[PDB]
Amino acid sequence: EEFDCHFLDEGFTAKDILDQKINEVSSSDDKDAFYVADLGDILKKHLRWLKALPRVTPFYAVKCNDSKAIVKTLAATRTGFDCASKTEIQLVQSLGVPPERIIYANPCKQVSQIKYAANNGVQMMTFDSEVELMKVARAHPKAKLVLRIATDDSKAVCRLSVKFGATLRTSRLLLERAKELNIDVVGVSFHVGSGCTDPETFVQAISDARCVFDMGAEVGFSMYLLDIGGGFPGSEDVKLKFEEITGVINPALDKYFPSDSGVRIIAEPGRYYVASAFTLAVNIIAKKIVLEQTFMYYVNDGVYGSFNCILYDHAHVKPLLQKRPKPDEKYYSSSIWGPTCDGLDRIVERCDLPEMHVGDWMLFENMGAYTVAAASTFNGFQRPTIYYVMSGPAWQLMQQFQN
């Protein structure tokens, strides 16, 4: 099923296909959870990116969803790939992507994985520490390094301990140390992150990046690479939409990194490409009534599976009814639980739903990003099957991108 893609007929949408599949299994007990993944939605996102950020080459953040179908579609589109590990580089290269379309954007890499990157021709890597420079000097001395700078997220849960990113002061010392070690630093990267309430944050990051560029010029480096990271929204169900962010980014790029300077601007979008492409259908496998009347529903995907995103990715999930609800239907306070025997495997603490029954389906939209990528087989429950769909016109568009 990984390389199996189904046709999407004219006048149909991923939703219609989902409804059809649900109807077809209605008289049986084959009601495992499943995804419908519209590869055409990923192509749509790419067109939208090219239009909104014409100066920025997208490098898809593989970690967000490492589906071979996704990577193949994006590779056909000629986008780059941001890989954090040997396995991700192997996946991308296996599909035929040359090394110059890969950035190894992990600032803290095990020596053997740096060696793997060097052996396979991946030259560009990020870094934010002196020890990383020592490791690169030993294991990949001809690498092209991108300095990752810190970006403030005022809504992070742990604002004192920041995992990645050098301050400006540290950035100066790092550039000088790289010069001492005869290591080439070619640019600057930053990552604002998905939790971004104000687009001005991007402006600040771009300004800081320009500062580090100036620092590089002072130390004698030829810096050309600006990496504006990820965090762009992957669906319209957000307060701060993609186009508002890009409307604030493009003037900043024009001001701090004009095209005549020779800068090459890239980004590392992950969730932007894939979030809305996946819709998850789970089946209600068990039910309890608690006395006014409240309900507990048990479904066959949970926090150890697709909904790990609730804990790892700070996700909030909205259950949707497969069968439309009449205006007069009574809604009851309800909780939704995963299949595992763990008391913590709870998807929704409280929501309002009409009375549902075992065998009914619940749908979760925008489930592409940081869901299957982090699922486990805890308690022996297997990952939901993914059905990849693509229309004829979407395939034609992909062909155009291939030429």
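One-based numbering along the sequence shown.
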How big is the unmodelled gap, if any, between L160 and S161 relative to the deposited sequence? Choose none, 1 to 3, 4 to 9, or 10 or more. none
Mean temperature factor over C-alpha atoms, higher-scoring stretch between 67-75 and 276-284: 67-75
Determine, for stretches 221-229 and 253-261, which one has the higher mean CA B-factor as deposited. 253-261
The residue of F81, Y304, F295, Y331 with the maximal C-alpha B-factor according to the PDB record is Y331
Quick one: which of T197, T87, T167, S129 has the biggest Cα B-factor according to the entry? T197
Going by the recorded CA B-factors, say which third of the chain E180 sits in, lowest, middle or highest. highest
Lowest, middle or highest third of the chain for the C-alpha temperature factor of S376? middle
For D41, the third of its chain by CA B-factor is the middle
Where does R324 sit by CA temperature factor within its chain: lowest, middle or highest third? highest
Consider only the C-alpha atoms of the modelled residues in this chain, order them by B-factor as the entry records it, and name the third containing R138: lowest, middle or highest. highest
